[PDB]
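Shown next: structure14.cif, given as mmCIF, C-alpha atoms and all ligand atoms.
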data_entry
#
loop_
_atom_site.group_PDB
_atom_site.id
_atom_site.type_symbol
_atom_site.label_atom_id
_atom_site.label_comp_id
_atom_site.auth_asym_id
_atom_site.auth_seq_id
_atom_site.Cartn_x
_atom_site.Cartn_y
_atom_site.Cartn_z
ATOM 1 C CA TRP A 1 -9.680 3.424 -14.722
ATOM 2 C CA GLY A 2 -7.362 0.391 -14.570
ATOM 3 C CA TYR A 3 -3.759 -0.293 -15.600
ATOM 4 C CA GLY A 4 -4.248 -0.830 -19.261
ATOM 5 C CA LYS A 5 -3.454 1.061 -22.442
ATOM 6 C CA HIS A 6 -6.866 2.679 -22.563
ATOM 7 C CA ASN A 7 -7.753 3.135 -18.927
ATOM 8 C CA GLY A 8 -4.343 3.201 -17.217
ATOM 9 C CA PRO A 9 -2.580 5.816 -14.947
ATOM 10 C CA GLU A 10 -1.828 8.065 -17.931
ATOM 11 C CA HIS A 11 -5.600 8.585 -18.342
ATOM 12 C CA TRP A 12 -6.899 8.950 -14.759
ATOM 13 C CA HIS A 13 -6.594 12.725 -14.886
ATOM 14 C CA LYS A 14 -9.627 13.042 -17.128
ATOM 15 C CA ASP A 15 -12.050 11.822 -14.456
ATOM 16 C CA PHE A 16 -9.720 12.549 -11.519
ATOM 17 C CA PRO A 17 -7.953 15.847 -12.326
ATOM 18 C CA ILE A 18 -6.161 15.717 -8.963
ATOM 19 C CA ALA A 19 -3.895 13.163 -10.780
ATOM 20 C CA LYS A 20 -1.592 16.079 -11.597
ATOM 21 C CA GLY A 21 -1.913 17.921 -8.384
ATOM 22 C CA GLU A 22 0.365 19.188 -5.818
ATOM 23 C CA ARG A 23 1.105 16.198 -3.504
ATOM 24 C CA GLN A 24 0.704 12.967 -5.580
ATOM 25 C CA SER A 25 2.127 9.546 -4.766
ATOM 26 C CA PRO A 26 4.151 7.434 -5.470
ATOM 27 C CA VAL A 27 7.577 9.247 -5.905
ATOM 28 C CA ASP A 28 11.139 8.232 -6.398
ATOM 29 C CA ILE A 29 13.049 8.359 -3.061
ATOM 30 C CA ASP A 30 16.483 9.866 -3.820
ATOM 31 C CA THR A 31 18.422 8.760 -0.838
ATOM 32 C CA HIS A 32 20.992 11.525 -1.103
ATOM 33 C CA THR A 33 18.477 14.416 -1.108
ATOM 34 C CA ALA A 34 16.488 12.774 1.731
ATOM 35 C CA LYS A 35 16.698 15.014 4.781
ATOM 36 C CA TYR A 36 17.771 13.158 7.897
ATOM 37 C CA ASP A 37 15.597 14.656 10.531
ATOM 38 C CA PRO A 38 16.585 13.593 14.087
ATOM 39 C CA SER A 39 13.325 15.019 15.555
ATOM 40 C CA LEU A 40 11.382 12.167 13.987
ATOM 41 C CA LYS A 41 10.253 9.764 16.715
ATOM 42 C CA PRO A 42 10.397 5.948 16.378
ATOM 43 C CA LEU A 43 7.407 4.137 14.927
ATOM 44 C CA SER A 44 4.936 2.592 17.338
ATOM 45 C CA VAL A 45 3.252 -0.282 15.500
ATOM 46 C CA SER A 46 0.685 -1.874 17.939
ATOM 47 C CA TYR A 47 -0.722 -4.872 15.995
ATOM 48 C CA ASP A 48 -1.201 -7.631 18.632
ATOM 49 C CA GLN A 49 -4.947 -7.265 19.008
ATOM 50 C CA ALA A 50 -5.743 -7.165 15.341
ATOM 51 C CA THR A 51 -8.957 -8.796 14.096
ATOM 52 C CA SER A 52 -8.727 -9.667 10.360
ATOM 53 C CA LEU A 53 -12.173 -10.199 8.855
ATOM 54 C CA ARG A 54 -11.855 -11.182 5.222
ATOM 55 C CA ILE A 55 -10.073 -10.948 1.875
ATOM 56 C CA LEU A 56 -11.710 -9.774 -1.382
ATOM 57 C CA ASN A 57 -10.613 -9.135 -4.875
ATOM 58 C CA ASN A 58 -11.916 -5.737 -5.844
ATOM 59 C CA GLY A 59 -10.907 -5.763 -9.497
ATOM 60 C CA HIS A 60 -7.634 -4.011 -8.987
ATOM 61 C CA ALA A 61 -6.021 -5.899 -6.130
ATOM 62 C CA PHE A 62 -7.013 -7.982 -3.062
ATOM 63 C CA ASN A 63 -7.586 -6.382 0.353
ATOM 64 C CA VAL A 64 -7.380 -8.131 3.745
ATOM 65 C CA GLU A 65 -9.905 -6.128 5.713
ATOM 66 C CA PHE A 66 -9.783 -5.544 9.476
ATOM 67 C CA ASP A 67 -12.142 -4.557 12.120
ATOM 68 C CA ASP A 68 -11.433 -0.876 12.815
ATOM 69 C CA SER A 69 -14.339 -0.296 15.216
ATOM 70 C CA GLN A 70 -11.956 -0.060 18.168
ATOM 71 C CA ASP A 71 -8.197 0.619 18.507
ATOM 72 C CA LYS A 72 -7.073 -2.941 18.031
ATOM 73 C CA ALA A 73 -4.319 -2.520 15.455
ATOM 74 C CA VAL A 74 -2.906 1.057 15.523
ATOM 75 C CA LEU A 75 0.035 3.033 14.174
ATOM 76 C CA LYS A 76 1.397 6.076 16.011
ATOM 77 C CA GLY A 77 4.795 7.544 16.738
ATOM 78 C CA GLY A 78 7.006 8.686 13.859
ATOM 79 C CA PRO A 79 5.745 11.824 11.993
ATOM 80 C CA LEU A 80 2.204 11.206 13.145
ATOM 81 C CA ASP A 81 0.307 13.271 15.609
ATOM 82 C CA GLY A 82 -2.359 11.025 17.047
ATOM 83 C CA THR A 83 -3.538 7.438 16.539
ATOM 84 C CA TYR A 84 -4.189 5.955 13.138
ATOM 85 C CA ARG A 85 -6.467 2.766 12.894
ATOM 86 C CA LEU A 86 -5.585 -0.181 10.539
ATOM 87 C CA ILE A 87 -8.455 -0.697 8.100
ATOM 88 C CA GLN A 88 -6.978 -2.966 5.346
ATOM 89 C CA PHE A 89 -3.720 -3.900 3.573
ATOM 90 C CA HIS A 90 -3.052 -4.709 -0.133
ATOM 91 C CA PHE A 91 -0.160 -5.160 -2.503
ATOM 92 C CA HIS A 92 0.810 -3.824 -5.959
ATOM 93 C CA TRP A 93 2.950 -6.244 -8.028
ATOM 94 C CA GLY A 94 4.398 -6.649 -11.408
ATOM 95 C CA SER A 95 4.309 -9.290 -14.171
ATOM 96 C CA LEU A 96 8.089 -9.829 -13.747
ATOM 97 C CA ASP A 97 10.325 -9.454 -10.662
ATOM 98 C CA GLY A 98 11.992 -6.175 -11.832
ATOM 99 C CA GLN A 99 8.803 -4.124 -11.555
ATOM 100 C CA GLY A 100 5.972 -3.994 -9.074
ATOM 101 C CA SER A 101 6.641 -1.270 -6.531
ATOM 102 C CA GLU A 102 4.971 2.106 -6.689
ATOM 103 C CA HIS A 103 7.670 4.012 -4.782
ATOM 104 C CA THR A 104 11.228 3.461 -5.926
ATOM 105 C CA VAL A 105 14.506 4.072 -4.073
ATOM 106 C CA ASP A 106 17.028 5.732 -6.411
ATOM 107 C CA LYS A 107 14.931 4.782 -9.357
ATOM 108 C CA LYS A 108 15.163 1.094 -8.328
ATOM 109 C CA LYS A 109 11.961 -0.909 -8.576
ATOM 110 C CA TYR A 110 11.315 -3.932 -6.362
ATOM 111 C CA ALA A 111 8.974 -6.937 -7.091
ATOM 112 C CA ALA A 112 5.940 -5.544 -5.196
ATOM 113 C CA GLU A 113 4.790 -3.272 -2.366
ATOM 114 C CA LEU A 114 2.606 -3.811 0.702
ATOM 115 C CA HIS A 115 0.471 -0.856 1.917
ATOM 116 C CA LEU A 116 -1.127 -1.100 5.382
ATOM 117 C CA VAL A 117 -3.749 1.599 5.421
ATOM 118 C CA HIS A 118 -4.658 3.524 8.571
ATOM 119 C CA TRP A 119 -7.102 6.376 9.207
ATOM 120 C CA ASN A 120 -6.742 9.022 11.926
ATOM 121 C CA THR A 121 -9.118 8.357 14.819
ATOM 122 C CA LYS A 122 -9.632 12.094 15.407
ATOM 123 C CA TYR A 123 -11.907 12.023 12.352
ATOM 124 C CA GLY A 124 -14.432 9.342 13.436
ATOM 125 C CA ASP A 125 -14.375 7.137 10.306
ATOM 126 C CA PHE A 126 -12.330 6.654 7.109
ATOM 127 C CA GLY A 127 -14.933 8.604 5.162
ATOM 128 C CA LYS A 128 -14.391 11.856 7.083
ATOM 129 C CA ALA A 129 -10.634 11.196 7.270
ATOM 130 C CA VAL A 130 -10.191 11.584 3.482
ATOM 131 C CA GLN A 131 -11.651 15.083 3.816
ATOM 132 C CA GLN A 132 -8.440 16.015 5.683
ATOM 133 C CA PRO A 133 -4.724 16.646 4.802
ATOM 134 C CA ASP A 134 -3.640 14.436 7.685
ATOM 135 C CA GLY A 135 -6.520 11.879 7.352
ATOM 136 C CA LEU A 136 -4.447 8.793 6.484
ATOM 137 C CA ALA A 137 -1.051 7.167 6.987
ATOM 138 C CA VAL A 138 0.141 4.326 4.798
ATOM 139 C CA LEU A 139 2.998 2.165 5.971
ATOM 140 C CA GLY A 140 4.755 0.923 2.804
ATOM 141 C CA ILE A 141 6.937 -2.167 2.595
ATOM 142 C CA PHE A 142 9.010 -3.316 -0.318
ATOM 143 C CA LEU A 143 9.038 -7.003 -1.330
ATOM 144 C CA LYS A 144 12.069 -8.480 -2.961
ATOM 145 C CA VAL A 145 12.279 -12.044 -4.376
ATOM 146 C CA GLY A 146 14.327 -14.443 -2.307
ATOM 147 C CA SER A 147 13.519 -16.679 0.548
ATOM 148 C CA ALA A 148 9.903 -17.290 1.334
ATOM 149 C CA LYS A 149 8.067 -15.256 3.869
ATOM 150 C CA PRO A 150 6.443 -17.716 6.363
ATOM 151 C CA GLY A 151 3.776 -15.251 7.377
ATOM 152 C CA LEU A 152 2.819 -14.573 3.793
ATOM 153 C CA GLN A 153 1.702 -18.165 3.092
ATOM 154 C CA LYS A 154 -1.892 -18.038 4.566
ATOM 155 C CA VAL A 155 -2.596 -15.160 2.151
ATOM 156 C CA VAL A 156 -1.057 -16.852 -0.823
ATOM 157 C CA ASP A 157 -3.109 -20.083 -0.193
ATOM 158 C CA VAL A 158 -6.514 -18.254 0.017
ATOM 159 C CA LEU A 159 -5.995 -16.615 -3.432
ATOM 160 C CA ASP A 160 -7.722 -19.483 -5.345
ATOM 161 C CA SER A 161 -10.841 -18.653 -3.325
ATOM 162 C CA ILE A 162 -10.895 -15.127 -4.687
ATOM 163 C CA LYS A 163 -9.529 -15.418 -8.246
ATOM 164 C CA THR A 164 -12.012 -12.982 -9.798
ATOM 165 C CA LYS A 165 -13.446 -9.543 -9.314
ATOM 166 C CA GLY A 166 -16.091 -9.362 -6.644
ATOM 167 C CA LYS A 167 -15.155 -12.620 -4.855
ATOM 168 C CA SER A 168 -14.511 -12.635 -1.053
ATOM 169 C CA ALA A 169 -13.460 -15.275 1.568
ATOM 170 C CA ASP A 170 -13.686 -15.035 5.405
ATOM 171 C CA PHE A 171 -10.142 -14.501 6.618
ATOM 172 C CA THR A 172 -9.959 -14.263 10.360
ATOM 173 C CA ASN A 173 -7.032 -14.593 12.760
ATOM 174 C CA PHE A 174 -4.418 -13.307 10.253
ATOM 175 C CA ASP A 175 -1.657 -11.501 12.159
ATOM 176 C CA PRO A 176 -0.129 -8.596 10.100
ATOM 177 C CA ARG A 177 3.030 -8.611 12.288
ATOM 178 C CA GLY A 178 4.265 -11.538 10.187
ATOM 179 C CA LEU A 179 4.843 -9.252 7.257
ATOM 180 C CA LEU A 180 6.940 -6.520 9.070
ATOM 181 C CA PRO A 181 10.708 -6.223 8.319
ATOM 182 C CA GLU A 182 13.279 -6.387 11.136
ATOM 183 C CA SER A 183 13.896 -2.613 11.130
ATOM 184 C CA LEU A 184 11.417 0.141 11.388
ATOM 185 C CA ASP A 185 13.637 2.749 9.733
ATOM 186 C CA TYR A 186 11.474 4.852 7.450
ATOM 187 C CA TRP A 187 11.329 7.757 4.956
ATOM 188 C CA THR A 188 8.159 9.937 5.161
ATOM 189 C CA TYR A 189 6.523 12.634 3.061
ATOM 190 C CA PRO A 190 3.081 14.248 2.291
ATOM 191 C CA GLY A 191 1.364 12.483 -0.600
ATOM 192 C CA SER A 192 -1.782 10.797 -1.880
ATOM 193 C CA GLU A 193 -3.739 7.591 -2.319
ATOM 194 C CA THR A 194 -2.228 6.032 -5.468
ATOM 195 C CA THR A 195 -5.479 4.610 -6.975
ATOM 196 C CA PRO A 196 -8.486 6.908 -7.857
ATOM 197 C CA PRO A 197 -9.857 9.031 -6.122
ATOM 198 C CA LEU A 198 -6.064 9.887 -5.629
ATOM 199 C CA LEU A 199 -6.996 12.000 -2.577
ATOM 200 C CA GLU A 200 -4.211 14.151 -1.162
ATOM 201 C CA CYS A 201 -4.581 12.947 2.347
ATOM 202 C CA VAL A 202 -1.738 10.527 3.072
ATOM 203 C CA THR A 203 1.389 10.824 5.250
ATOM 204 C CA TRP A 204 3.490 8.111 3.692
ATOM 205 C CA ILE A 205 6.013 6.084 5.759
ATOM 206 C CA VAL A 206 8.060 3.840 3.520
ATOM 207 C CA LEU A 207 10.434 1.422 5.259
ATOM 208 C CA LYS A 208 13.944 1.116 4.182
ATOM 209 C CA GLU A 209 14.237 -2.606 4.803
ATOM 210 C CA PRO A 210 12.510 -4.805 2.164
ATOM 211 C CA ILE A 211 11.029 -8.168 3.141
ATOM 212 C CA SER A 212 11.786 -11.079 0.831
ATOM 213 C CA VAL A 213 9.120 -13.507 -0.392
ATOM 214 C CA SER A 214 9.834 -16.474 -2.708
ATOM 215 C CA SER A 215 9.392 -16.559 -6.426
ATOM 216 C CA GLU A 216 6.579 -19.204 -6.075
ATOM 217 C CA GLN A 217 4.853 -17.023 -3.441
ATOM 218 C CA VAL A 218 4.779 -13.990 -5.765
ATOM 219 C CA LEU A 219 3.786 -16.199 -8.854
ATOM 220 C CA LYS A 220 0.536 -16.941 -7.110
ATOM 221 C CA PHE A 221 -0.166 -13.157 -7.011
ATOM 222 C CA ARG A 222 0.067 -13.022 -10.777
ATOM 223 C CA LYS A 223 -2.661 -15.760 -11.203
ATOM 224 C CA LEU A 224 -5.472 -13.493 -9.959
ATOM 225 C CA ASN A 225 -7.713 -11.683 -12.411
ATOM 226 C CA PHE A 226 -8.938 -8.182 -13.001
ATOM 227 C CA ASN A 227 -12.015 -9.524 -14.688
ATOM 228 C CA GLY A 228 -15.207 -10.794 -13.218
ATOM 229 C CA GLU A 229 -16.255 -14.371 -13.381
ATOM 230 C CA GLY A 230 -17.596 -15.511 -16.766
ATOM 231 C CA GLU A 231 -15.588 -12.809 -18.590
ATOM 232 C CA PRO A 232 -12.413 -12.963 -20.761
ATOM 233 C CA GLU A 233 -9.307 -13.508 -18.679
ATOM 234 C CA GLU A 234 -7.284 -10.410 -17.712
ATOM 235 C CA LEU A 235 -4.402 -11.424 -15.398
ATOM 236 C CA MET A 236 -4.012 -9.015 -12.441
ATOM 237 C CA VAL A 237 -0.375 -8.030 -13.020
ATOM 238 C CA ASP A 238 1.358 -4.634 -13.013
ATOM 239 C CA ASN A 239 -1.282 -2.873 -10.930
ATOM 240 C CA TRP A 240 1.042 -0.021 -9.918
ATOM 241 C CA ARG A 241 1.026 3.773 -10.535
ATOM 242 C CA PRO A 242 4.286 5.208 -12.017
ATOM 243 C CA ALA A 243 6.369 7.652 -9.861
ATOM 244 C CA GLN A 244 5.063 11.229 -9.709
ATOM 245 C CA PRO A 245 6.946 14.696 -9.620
ATOM 246 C CA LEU A 246 7.943 15.495 -6.045
ATOM 247 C CA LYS A 247 6.915 19.180 -6.563
ATOM 248 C CA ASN A 248 8.369 21.194 -3.614
ATOM 249 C CA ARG A 249 8.329 18.282 -1.247
ATOM 250 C CA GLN A 250 11.307 17.099 0.610
ATOM 251 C CA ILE A 251 11.442 13.574 1.895
ATOM 252 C CA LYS A 252 12.766 13.156 5.462
ATOM 253 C CA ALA A 253 14.524 10.024 6.796
ATOM 254 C CA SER A 254 14.538 8.783 10.357
ATOM 255 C CA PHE A 255 18.146 7.671 9.664
HETATM 256 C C1 LIG A 301 -10.123 2.640 0.954
HETATM 257 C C2 LIG A 301 -8.638 2.790 0.632
HETATM 258 O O1 LIG A 301 -7.828 2.266 1.397
HETATM 259 N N1 LIG A 301 -8.293 3.478 -0.480
HETATM 260 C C3 LIG A 301 -7.033 3.610 -0.807
HETATM 261 N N2 LIG A 301 -6.829 4.246 -1.906
HETATM 262 N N3 LIG A 301 -5.496 4.199 -2.212
HETATM 263 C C4 LIG A 301 -4.821 3.544 -1.314
HETATM 264 S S1 LIG A 301 -3.083 3.301 -1.581
HETATM 265 N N4 LIG A 301 -2.819 3.303 -3.166
HETATM 266 O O2 LIG A 301 -2.580 4.599 -1.134
HETATM 267 O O3 LIG A 301 -2.204 2.491 -0.690
HETATM 268 S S2 LIG A 301 -5.686 2.940 0.005
HETATM 269 HG HG HG A 302 -7.614 15.112 2.053
HETATM 270 ZN ZN ZN A 303 -1.760 0.826 -2.514
#
Please re-express this file's structure in structure tokens.
Amino acid sequence: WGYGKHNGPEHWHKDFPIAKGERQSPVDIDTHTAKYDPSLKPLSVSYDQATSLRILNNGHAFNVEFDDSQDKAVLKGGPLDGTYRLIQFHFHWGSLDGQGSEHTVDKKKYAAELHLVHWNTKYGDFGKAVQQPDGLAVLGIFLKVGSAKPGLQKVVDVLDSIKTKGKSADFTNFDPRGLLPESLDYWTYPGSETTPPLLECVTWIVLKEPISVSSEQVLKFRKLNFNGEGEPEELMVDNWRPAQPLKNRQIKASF
């Protein structure tokens, strides 16, 4: 599976038939059919005791991994019942600045999208959590191209260390708070992981307020490679899944 002509999203259904299931992500957020629900609590993002461990290029994107052995960085509040542990975060980006996001907002596509993944602590570990309809919660953040994001620069600089598939680099003392927008106003809906196994286990929480990063900061994203070392060069660009049919679902807004 990958994002190419022969192994791209329009083919993942053959090994992963859940690709055309019931609650698949991403989706277009139509802001006028989004149901403002005033029973939706504010988000409680507690990320001040976060331990980042490392960064690694896994062939389809890079993941800053975190130590989820204790509630150090947790997400609760909003639509969530219970505490969800931060395990890792990654982006999806495009080859140009008019594509990149997975989720769109009135069919508009932004330059990229940050996903901070969290698993429900009721289930003991991430592994058991994806056996559950409420196992995961992914906080989604849109990136637009403008002024540079200060807090994004440590990530951008490490990317030469992990140019190719399989590479890693110790990456401690990274504080994820530096990537959060000013406002925690979100849209939320039942969905899925957007990369195989496409498990229908995610409560998505997409923020309304994009962060901006600079054009030179996102250029560095597009230098990475899909391919392993000593293999033909495949630039890691456009690693996003097209929007899926909302099928029944209604998207709520906290605003
Ligand atoms: C281990 C892990 O995190 N797997 C994920 N699969 N898809 C994710 S995504 N596309 O929803 O943000 S996270
Ligand atoms: Hg599930
Ligand atoms: Zn993702």
Problem set entry | Long-range neighbours of range 13-23 of chain A as a ChimeraX atom specification, 9 Å cut-off, all atoms listed in the file, 4 positions minimum in chain | /A:1,9,190-192,196-201,244-249
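Near ligand LIG 301 (chain A), the residues found within 6 Å are residues 115, 117, 193, 194 and 195 of chain A (criterion computed using all atoms listed in the file).
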For this session: Check which residues fall inside 8 Å of ligand HG 302 (chain A) when counting only C-alpha atoms and all ligand atoms, and print them as a ChimeraX atom specification.
Result: /A:129-135,199-202
Problem set entry | Selection within 12 Å of ligand ZN 303 (chain A) by all atoms listed in the file, output as a count of residues only | 41
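Of the listed residues (A:28, A:48, A:71, A:10), A:48 comes nearest to residue 176 in chain A; the distances count all atoms listed in the file.
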For this session: I would like the residues chosen by the PyMOL selection byres (((chain A and resi 38) around 9) and not hetatm) on the shown file; could you give them as a PyMOL selection string?
Result: chain A and resi 36-37+39-41+253-255
Exercise. Given the file above and the PyMOL selection byres (((chain A and resi 73) around 6) and not hetatm), which residues are selected, and can you give them as a ChimeraX atom specification?
Worked result: /A:46-47,49-50,71-72,74,86
With C-alpha atoms kept, could you save the residues just selected as a PDB file, in the frame of the given file?
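Contents of the output file result-v5.pdb:
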ATOM      1  CA  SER A  46       0.685  -1.874  17.939  1.00  0.00           C
ATOM      2  CA  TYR A  47      -0.722  -4.872  15.995  1.00  0.00           C
ATOM      3  CA  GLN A  49      -4.947  -7.265  19.008  1.00  0.00           C
ATOM      4  CA  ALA A  50      -5.743  -7.165  15.341  1.00  0.00           C
ATOM      5  CA  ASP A  71      -8.197   0.619  18.507  1.00  0.00           C
ATOM      6  CA  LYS A  72      -7.073  -2.941  18.031  1.00  0.00           C
ATOM      7  CA  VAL A  74      -2.906   1.057  15.523  1.00  0.00           C
ATOM      8  CA  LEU A  86      -5.585  -0.181  10.539  1.00  0.00           C
TER       9      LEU A  86
END
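Across the structure, CA of residue 4 in chain A and CA of residue 236 in chain A are spaced 10.7 Å apart.
Closest to residue 120 in chain A among A:210, A:2, A:146, A:82 is A:82, based on only C-alpha atoms.
Going from CA of residue 124 in chain A to CA of residue 87 in chain A covers 12.8 Å.
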For this session: Can you give me, as a PyMOL selection string, the residues this file yields under the PyMOL selection byres (((chain A and resi 213) around 10) and not hetatm)?
Result: chain A and resi 111-112+143-153+179+210-212+214-218
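Between CA of residue 31 in chain A and CA of residue 110 in chain A the separation is 15.6 Å.
Considering all atoms listed in the file, the residue among A:79, A:8, A:59, A:232 positioned nearest to residue 188 in chain A is A:79.
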Problem set entry | All residues 7 Å or closer to range 164-175 of chain A, all atoms listed in the file, same chain fewer than 4 positions away omitted, as a VMD selection string | chain A and resid 50 to 59 224 to 229
Exercise. Which of these residues is nearest to residue 183 in chain A, using all atoms listed in the file: A:34, A:96, A:27, A:43?
Worked result: A:43
